[PDB]
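Engineer:
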């Protein structure tokens, strides 16, 4: 009753509805189930079976419906939430805008659909052991990325609260990450004094809402686990975790070259990091989507590569603690292509 075909809305084009949809994990799943949504006794299952996508309304509660979709399935994929699903191939999502082989950069409605679209998981199997070199670049990586940050190409969230860019810049400075810093060094933490001072100059205001945000941030920025989680999302090769992935990545980088060459002969694009605390001090689930520029054939699009992991409660901020706490074996990687029109 609640959403009888209110989903048939989505499958043929306010969407707070979509985020009920989660990656269907458990073994109670249906066959080919890749997502599910629990809503008003209703439970919607999304299935895939050899390239074809079934929906299971299947629930007034003893009631079951089911259709099969064609390129209404393409519509479905775009209305999906920014989560890592078990689709088959790496999928391609078209932003609303005709392509342009002139422009230096990605259409901003391409940048938008890249941020808000879902990614398909790339099943690792051949997990890489941990090299002694893992995460060495990390400090430097954050330093560079943040300095060239664009407040709308790169955004950082904690439990869905947006931490201001220019506040995390002030953070890393106070922690010691400059050009002059040793890739190896474990990071001295900060004092209540030290960081209380920076959350105040980045919320110069004294609104009542900020006042609570500031309590969290004040006490988050003192957790080692947390600055570990935060800095790691920036390591340049975070997503290179298996041959299976390396295969997809390479296929893509190549397809990017061959396109730039057949369409526009003669970059940077940043990070969307989402960090949530969770039940093991306290442990953090992190997600670091990166948005490299990727030439599609309708013009200049982007390749979203999202990689997520668990920074466990202990974890201390060094290239050492990081590479051990976040072994390749434990990162999960998914791709999307976002192309203009």
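Numbering (PDB author numbering), first residue to last: 1 to 13, 58 to 310, 315 to 328, 339 to 399.
Just so it is clear, CB atoms sit at the ideal spot from N, CA and C, and this is done for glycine as well.
#1: I'd like to know if the segment 170 to 185 and the segment 236 to 243 are in contact, where contact means that at least 3 CB-CB pairs between them fall below 8 angstroms.
#2: Please tell me whether residue 88 and residue 80 are closer than 8 angstroms, where the distance is taken between their beta carbons.
#3: Enumerate in chain order the residues of its own chain whose CB-to-CB distance from residue 170 is below 7 angstroms, with the five nearest sequence positions on each side excluded.
#4: Quick one: measure Cβ to Cβ for residue 380 and residue 272, integer angstroms, because I've assumed they're closer than 8 angstroms.
#5: Let me check understanding here. Comparing Cα to Cα, which of 202, 232 and 246 lies closest to residue 213?
#6: With DSSP as the reference, label residue 390 as helix, strand or coil.
#7: Look at the Cβ atom of residue 362, then the Cβ atom of residue 374, and state whether they are nearer than 8 angstroms.
#8: Please check the pair residue 234 and residue 218, which I expect to be a contact at CB under 8 angstroms, by giving their CB distance rounded to whole angstroms.
#9: DSSP puts residue 115 in a beta bridge; with which residues?
#10: Can you tell me the Cα-Cα spacing of residue 215 and residue 106, whole angstroms?
#11: Among the candidates 147, 372, 230 and 201, whose CA atom is the shortest distance from the CA of residue 277?
#12: Which residues in the same chain as residue 120 place their Cβ atom closer than 8 angstroms to its Cβ, once the five residues preceding and following it in sequence are excluded?
#13: Which term fits residue 128, buried or exposed, when burial requires 16 or more other beta carbons within 10 angstroms of its beta carbon?
#14: Tell me the DSSP bridge mates of residue 87?
#15: Going by the CB atoms, is the gap between residue 394 and residue 164 shorter than 8 angstroms?
#16: Report the option in 211, 140 and 195 whose CA atom is closest to the CA atom of residue 13.
#17: In whole angstroms, what is the alpha-carbon distance linking residue 159 and residue 346?
#18: Between the segment 248 to 262 and the segment 134 to 151, can you find at least three pairs of beta-carbon atoms closer than 8 angstroms?
#19: Entirely within the segment 162 to 246 and at least 3 residues each: give me those beta strand (DSSP E) ranges in chain order.
#20: Which residue comes first and which comes last in the beta strand (DSSP E) that contains residue 19?
#21: Quick one: grab the DSSP three-state call for residue 133.
#22: Could you check the C-alpha separation between residue 196 and residue 108 for me, to the nearest Å?
#23: Who does residue 352 pair with in a DSSP beta bridge?
#24: Buried or exposed: residue 283, going by 16 or more other Cβ atoms within 10 Å of its Cβ?
#25: I need the DSSP call for residue 77, collapsed to helix, strand or coil.
#26: Could you pull the start and end residues of the beta strand (DSSP E) that residue 65 belongs to?
#27: Can you give me the Cβ contacts of residue 133 inside the same chain, cut-off strictly under 8 angstroms, excluding the 5 residues immediately before and after it?
Structural biologist: In this structure, then:
#1: They do not touch, by the three-pair rule.
#2: It is a contact, given that the beta carbons lie within the stated cut-off.
#3: Excluding sequence neighbours, residue 170 sits near 286, 287 and 288.
#4: Confirmed, Cβ separation roughly 6 angstroms.
#5: Closest option to residue 213, Cα to Cα, is 246.
#6: For residue 390, the secondary structure class from DSSP, reduced to helix, strand or coil, is strand.
#7: Contact check for residue 362 against residue 374 fails: the beta carbons are separated by 8 angstroms or more.
#8: Right, their Cβ atoms sit about 6 angstroms apart.
#9: Per DSSP, none; premise fails for residue 115.
#10: The alpha-carbon of residue 215 is positioned some 54 angstroms away from that of residue 106.
#11: When only C-alpha atoms are compared, the closest one is 201.
#12: Here residue 120 has 10, 11, 90, 97 and 113 as same chain residues with Cβ atoms under 8 angstroms from its own Cβ, once five neighbours each way along the sequence are excluded.
#13: Counting Cβ neighbours within 10 Å, residue 128 comes out buried, since at least 16 surround it.
#14: Answer is 82.
#15: For residue 164 and residue 394, yes; Cβs fall inside 8 angstroms.
#16: It is 140.
#17: Taking C-alpha positions only, residue 159 is separated from residue 346 by approximately 11 angstroms.
#18: Fewer than three beta-carbon pairs drawn from the segment 134 to 151 and the segment 248 to 262 are found closer than 8 angstroms, and the two stretches are therefore not classed as touching.
#19: The segment 162 to 246 is shown to contain whole beta strand (DSSP E) runs of 3 or more residues at 163 to 165, 199 to 202 and 205 to 207, in chain order.
#20: Coordinates for residue 19 are lacking, as the chain steps from 13 to 58 with nothing built in between.
#21: In the structure shown, residue 133 adopts coil according to DSSP, grouped into three states.
#22: So the alpha carbons of these two residues sit roughly 43 angstroms apart.
#23: Beta-bridge pairing links residue 352 to 359.
#24: Buried: at least 16 other Cβ atoms inside 10 Å.
#25: Reduced to three states, the DSSP call for residue 77 is strand.
#26: For residue 65, the enclosing beta strand (DSSP E) stretches over residues 65 to 67.
#27: A distance below 8 angstroms between beta-carbons, with the five flanking residues on each side excluded, links residue 133 to the following residues of its chain, in chain order: 164.
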